[PDB]
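Here's the structure we're looking at; comments come further down.
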Amino acid sequence: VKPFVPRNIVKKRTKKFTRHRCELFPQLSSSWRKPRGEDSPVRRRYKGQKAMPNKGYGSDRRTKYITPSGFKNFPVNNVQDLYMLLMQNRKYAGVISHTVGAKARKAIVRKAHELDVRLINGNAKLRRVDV
Amino acid sequence: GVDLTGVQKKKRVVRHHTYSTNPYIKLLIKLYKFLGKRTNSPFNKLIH
Amino acid sequence: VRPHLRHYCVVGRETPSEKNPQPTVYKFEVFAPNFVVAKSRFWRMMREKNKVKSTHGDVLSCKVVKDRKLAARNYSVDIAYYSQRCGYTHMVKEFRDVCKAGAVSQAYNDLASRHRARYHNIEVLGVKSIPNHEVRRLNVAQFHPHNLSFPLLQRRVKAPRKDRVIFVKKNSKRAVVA
Amino acid sequence: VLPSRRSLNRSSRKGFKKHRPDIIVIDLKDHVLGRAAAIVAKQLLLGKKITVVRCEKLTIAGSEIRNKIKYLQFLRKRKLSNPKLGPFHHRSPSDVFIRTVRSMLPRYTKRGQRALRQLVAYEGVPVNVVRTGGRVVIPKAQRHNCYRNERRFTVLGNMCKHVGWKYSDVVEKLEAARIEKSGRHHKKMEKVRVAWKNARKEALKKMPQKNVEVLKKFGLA
Amino acid sequence: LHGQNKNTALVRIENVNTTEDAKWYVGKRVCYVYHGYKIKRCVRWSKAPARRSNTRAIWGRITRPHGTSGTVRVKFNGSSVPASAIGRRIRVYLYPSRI
Amino acid sequence: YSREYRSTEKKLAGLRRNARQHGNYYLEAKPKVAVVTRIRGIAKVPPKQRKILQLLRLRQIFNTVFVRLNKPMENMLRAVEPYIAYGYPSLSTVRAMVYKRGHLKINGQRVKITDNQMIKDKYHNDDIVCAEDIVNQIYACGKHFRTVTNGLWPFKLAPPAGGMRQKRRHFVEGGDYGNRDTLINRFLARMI
Amino acid sequence: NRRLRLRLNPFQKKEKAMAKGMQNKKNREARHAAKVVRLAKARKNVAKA
Amino acid sequence: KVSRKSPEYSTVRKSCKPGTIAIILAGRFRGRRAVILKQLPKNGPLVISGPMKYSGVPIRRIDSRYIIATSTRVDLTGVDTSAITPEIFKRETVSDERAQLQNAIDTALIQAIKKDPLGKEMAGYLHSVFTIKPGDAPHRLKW
RNA sequence: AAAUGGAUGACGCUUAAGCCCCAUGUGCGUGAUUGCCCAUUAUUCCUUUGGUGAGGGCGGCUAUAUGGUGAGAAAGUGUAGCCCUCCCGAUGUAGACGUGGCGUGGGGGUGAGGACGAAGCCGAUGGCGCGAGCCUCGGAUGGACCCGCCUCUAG
Ligand SMILES: [Mg+2]
Ligand SMILES: [Mg+2]
Ligand SMILES: [Mg+2]
Ligand SMILES: [Mg+2]
Ligand SMILES: [Mg+2]
Ligand SMILES: [Mg+2]
Ligand SMILES: [Mg+2]
Ligand SMILES: [Mg+2]
């Protein structure tokens, strides 16, 4: 199945927004925190400091949530969940949950190849096998 | 930039949805919103 | 072509009213960069001499005066300038030039260099083309005699902009860099 | 800068004999110090290799006493706590020129340090640069184009001699020998120069006439 | 004075020294030649095996003259030229030709 | 309209020649229309000057409008002189502004002029049905000057291409602000 | 833009044709000569008065 | 009057005409001189063949943006150049019919060159190569 | 005429690189009306977000199997926004308000997962979101429980 691949995908920023001075303290996490300090150089927008996220960095609505392969990810948990993606198989791809066992995965992978439903973490060799 | 001396103090407060949780209120709002847009009736716009 | 301060003639009057019908018409000579400045100087002089302001007056004409042909002449310029320390100073200077506008432009640059007087503190009273044998300045009358000749020394020659170089060989004209 | 054994073996294996990079040799006689340094500094930043000679003949505007006093005021500045860390006051003309050029460079970056390493300065014309080719001048920094004839100027060699330079007599003796040696050789090798000029004049009589007409039209012969 | 912008570069060409001269070179292709430290893929890697080498090139184009003295502005396709090239050689070719 | 412009110009030239031939003078009519542009920013503006600029619709630097130069309007312009530059426009200047930068104010929206039909719809008057009607009403004083000019969004222009002399200081002293008479046309040609 | 100019003003074609005729060489030399004669004749007649 | 769909339609600069002498700016034959023969049917590349015994350039296609067209022109009315066709390049150690075509074209081209009054100088001119010496300024030349 | 050695920012500059004034592309007394450089400014173009926002479509009959082209279309504040055009704003301490905005322990419902390996832990495992965060991969880790969605509750 071939998706409707966008002509070009533009990201306004690839780097992440990290916390101020998170590299100098092992206990500080990298997740973003808004700085509220009366003298903070980041909050005051000095030239050589880190940037703060805001609404202008938003992604284009036409290519939002689209993976590089051109699909959108939808989780699945059993065989019966594959028929939800059967008709719109050019738009959504299935993602098998991490906690699904190997015994149940064999049935899901076998049916998905039969139905022509793309799985992001299925069998690598089967999808290359032509029909 | 622009002046914007008195721009903000001229905005009104307008609501476009109901706070009510009554489903029958929502059905009436749906009917008269349609009639207000598709008819030349000041009465219908007032009801909505 | 070269000089700034073109030669202007401005003609104006006061707006007629029922106290003063048919007012007098005045004619004014001024040296200005453009006609907007020329009209500004006209209304200043009309106000300080006739009590007529630009609000109650009209401008009839404002054109550029044509000068004579190109030749070497003696020009006498009587000029005045103001300073806080001394007040008003009045002098008569002489220059060699080819046109009235050029001589007046020379005087303005000369006053700025020798007395530090700006354009708006200077008033021109007149400019005249005077003959020889009537010049009282030796630095001007030295250009009068026939058979006058002199050499050019301490020249600072420069190549045309298309052929300038940075490094050149010592015993030839061959360029090395640029 | 002296090659090691490793360089000698590698050159011998690959059969390399000699190599000379592209270098411009500038004769700094009767040049204005400040204007020559500014032009040299920019060319170094553009990636040129420059060697200057006769640094003792650079000129500075003003009387010698005025410039001597200027240097003595510079000599007074030193770190009081430990003068061996303080500013260093070099006394030779070539060291003075290098300091002047260094002040017109970004000397605290690797780019600036690399540019300074590309400049070599000498007093007089040393024996290793005499036969390297024709020397050049900078017309925008020459004395006869920069100073009015009535002003008084200072020769850098005479100024440095009275503030600590000790090799003024040595340089003068070496220069006298070079002029004698070069003058003798240039008086020689005149028969070959005359012979070459005569051969060109003998041509235009044996060469084809059509090509002679072309040369005349373009003003070459 | 505030800093530099690395999306545009300035190139000085020999024997130009004039804005009217620099206008002749607008639109010409340029390249910066350097070398790496191991052989990687190149154009005609299979057709012409003699081309394989450590040599690499980064290409760009001349956009407009800069100043009044023959300096030109160059943009290197979609990225910047590395700062290790400051003060090094740049090749200016004669194509595309308008003559 | 083209015939009217040619006839008016050549009639005026004949009158001037008649006076010059006989030694008299001909006095011109005072200008009726001015074109005003803002050349300063929005920082540190006193309340009196702030109000006047709002009434002239010059809320942003390099905005431009057309006004009628009568006594009430002249006294307003004198109060905000160090913030504006103005002069007397020509026919070419008016045509360039309408055709290249003309926008209409329709239903509160700023729409660009693309054809005569939207001009006809916006002005329900019968004397304003095309772009040339807009130009004639502005160049000449016209009966519907206020209707036509108020229906146009204020013009948003680019900075002068060749630069400026001095933002401070009057044009007479060598600066940029104040009245420039017909020399405003050279200023606006680089700006448009 | 040519098609936008004509759309906004359908008289553009004739206005430009007048300008081209103004620029024509033979007509502009005749106009220059005729203007000189007309001005000179009026100057002489006014003086003779 | 020529329509864009018609084969005869082309948009190439007026200096590039049949019989013009050009300098190759890029490729394995950089710096050598050649003669422009014709243009391909559509708005395609030109076909150049400097007399192969003179400059060493065989029949080839080249883009108009990689040659400098000089003002020297040799009359080409005699040479038909009708056999030149896109199919000879379309086909993918030279071949026999390619050699025969090259020989026929070269023979006609050489005769046309010798017909010019400066035939001998033209033959020497085609032998010369173009290079950029230290201190040259191609932007100041006239060509 | 002052207390460490030091400052037109430094070097330096005197046919100035000093002081006062005047000019400008190619061609400065024959080219009238732009010598050149540098912004979070102005013009123009693309994208996001919020509107006192402005318009339009929404009663699905043209015709068509696989091995002329294939997918959607909800009468709608708020989304993975029902969809398509257009216009105007966007910084901000103290402070106010909004969010089908994120995350944690437990209750009522609904739907799944697990010895073919749950929770927990490790990471040059990548992908998605402006972000709080979410998900996949690997473990030459572990050995028994746990989660998605709608609502209720809080140490
Ligand atoms: Mg991201
Ligand atoms: Mg504070
Ligand atoms: Mg300025
Ligand atoms: Mg400074
Ligand atoms: Mg905010
Ligand atoms: Mg706060
Ligand atoms: Mg608890
Ligand atoms: Mg607590």
Side-chain angles (χ1 to χ4, degrees), chain A residues 4 6 34 53-66 72 74-75 83-85 87-88 90-92, chain B, chain F residues 42 50-51 53-60 63 65 98 101-131 133-134 137 143-156, chain G residues 7-8:
Chain A
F4 298 103
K34 171 81 143 185
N54 59 65
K55 73 232 174 210
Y57 290 103
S59 300
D60 173 358
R61 298 199 65 93
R62 264 273 274 283
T63 66
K64 211 176 170 170
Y65 302 115
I66 287 177
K72 303 180 158 198
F74 188 77
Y83 295 98
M84 269 189 307
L85 310 182
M87 173 69 207
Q88 282 192 267
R90 269 149 181 279
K91 198 189 159 132
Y92 297 107
Chain B
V2 240
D3 201 346
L4 272 44
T5 283
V7 171
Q8 183 65 31
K9 276 167 190 307
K10 312 184 162 326
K11 325 276 205 57
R12 310 279 181 123
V13 175
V14 189
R15 227 176 68 224
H16 293 123
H17 64 114
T18 181
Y19 291 137
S20 164
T21 71
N22 194 339
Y24 293 95
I25 284 324
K26 299 224 188 68
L27 283 168
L28 277 191
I29 286 170
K30 157 196 195 108
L31 165 68
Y32 270 90
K33 162 148 86 164
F34 169 87
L35 278 180
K37 265 154 30 178
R38 293 284 278 119
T39 50
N40 256 313
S41 191
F43 174 87
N44 274 1
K45 297 179 202 297
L46 216 40
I47 295 304
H48 171 249
Chain F
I42 64 176
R50 204 188 317 140
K51 179 83 204 171
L53 288 165
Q54 281 159 28
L55 289 176
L56 287 186
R57 294 146 92 213
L58 306 169
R59 287 188 176 251
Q60 160 178 68
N63 283 4
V65 290
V98 164
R101 308 267 196 187
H103 282 79
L104 288 187
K105 200 178 46 166
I106 303 167
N107 229 35
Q109 322 274 300
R110 187 186 163 237
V111 328
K112 166 97 171 107
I113 296 172
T114 40
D115 74 313
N116 291 322
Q117 184 73 233
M118 30 169 307
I119 287 166
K120 209 179 110 90
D121 294 339
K122 153 77 175 134
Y123 304 103
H124 25 272
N125 192 250
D126 283 344
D127 301 75
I128 313 150
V129 301
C130 65
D133 279 331
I134 287 162
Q137 286 296 309
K143 192 164 72 258
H144 313 106
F145 187 93
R146 191 223 94 83
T147 292
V148 166
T149 44
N150 189 253
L152 287 150
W153 209 274
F155 299 91
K156 292 143 76 74
Chain G
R7 178 194 314 169
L8 285 182

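By convention in this document, chain letters (A, B, ...) are assigned in the order of the sequence lines, proteins followed by strands, and residues within each chain are numbered from 1.
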Rounded to the nearest 0.5 Å, what separation is found between the [atom1] atom of [X] and the [atom2] atom of [Y]?
X       : Y       : atom1 : atom2 : value
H144(F) : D127(F) : NE2   : CG    : 5.0 Å
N125(F) : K143(F) : CG    : NZ    : 8.0 Å
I106(F) : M118(F) : CD1   : CE    : 4.5 Å
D133(F) : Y123(F) : CG    : OH    : 11.0 Å
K122(F) : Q117(F) : NZ    : CD    : 15.0 Å
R110(F) : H103(F) : CZ    : NE2   : 4.0 Å

Specify the closest pair of heavy atoms between [X] and [Y], including all atoms of both residues, with the distance to one decimal.
X       : Y       : result
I113(F) : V98(F)  : CD1-O, 4.5 Å
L4(B)   : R59(F)  : N-NH1, 3.7 Å
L104(F) : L152(F) : CD2-CD2, 3.9 Å

Which residues share a side-chain contact (heavy atoms from CB on, under 4.5 Å) with [X], sequence neighbours left out:
X       : answer
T149(F) : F66(F), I138(F), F145(F)
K105(F) : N150(F), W153(F)
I42(F)  : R38(F)
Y92(A)  : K72(A), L85(A), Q88(A)

List in chain and number order the residues that pass ring pair (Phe, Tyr, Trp, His ring centres under 6.0 Å) with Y57(A), two or more places apart in sequence or in another chain; answer none if no residue qualifies.
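Ring pair (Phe, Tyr, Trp, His ring centres under 6.0 Å) list for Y57(A), sorted by chain: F17(A).
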
Taking side-chain hydrogen bond (donor to acceptor under 3.5 Å, both in side chains) as the definition, give me every residue that meets it alongside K156(F), ordered by chain and number, with sequence neighbours left out.
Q60(F)

Considering residues at least two apart in sequence or located in another chain, which fulfil the side-chain hydrogen bond (donor to acceptor under 3.5 Å, both in side chains) criterion with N116(F)?
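Not a single residue meets the side-chain hydrogen bond (donor to acceptor under 3.5 Å, both in side chains) criterion with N116(F).
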
Please list, one pair per line, the donor and acceptor atoms closer than 3.5 Å that link side chains of residues 16-31 of chain B to other protein atoms, with sequence neighbours excluded.
residue : atom : partner : partner atom : Å
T18(B)  : OG1  : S20(B)  : N            : 3.1
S20(B)  : OG   : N22(B)  : N            : 3.0
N22(B)  : OD1  : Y24(B)  : N            : 3.1

Please answer whether the main-chain N or O of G56(A) pairs with a side-chain N or O of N54(A) as donor and acceptor at a distance below 3.5 Å.
yes

Are there more than 12 heavy atoms of other residues, nucleotides or ligands under 6.0 Å from atom NZ of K51(F)?
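Incorrect, the count does not exceed 12.
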
A quick test of your reading: do over 12 heavy atoms of other residues, nucleotides or ligands sit less than 6.0 Å from CZ of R62(A)?
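Check fails, neighbour count at 12 or below.
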
Sort and list the pairs that fulfil side-chain hydrogen bond (donor to acceptor under 3.5 Å, both in side chains) and have at least one residue in residues 1-14 of chain B, not counting sequence neighbours.
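Pairs touching residues 1-14 of chain B that pass the test: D3(B)-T5(B), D3(B)-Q54(F), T5(B)-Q54(F), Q8(B)-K11(B).
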
Pairs flagged by side-chain hydrogen bond (donor to acceptor under 3.5 Å, both in side chains) wherever residues 34-48 of chain B is involved - sequence neighbours left out
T39(B)-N44(B)

Heavy-atom side-chain contact between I134(F) and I119(F) under 4.5 Å:
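Result yes, sub-4.5 Å side-chain heavy-atom pair found.
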
Report yes if the side chains of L35(B) and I47(B) come closer than 4.5 Å at any heavy-atom pair, otherwise no.
no

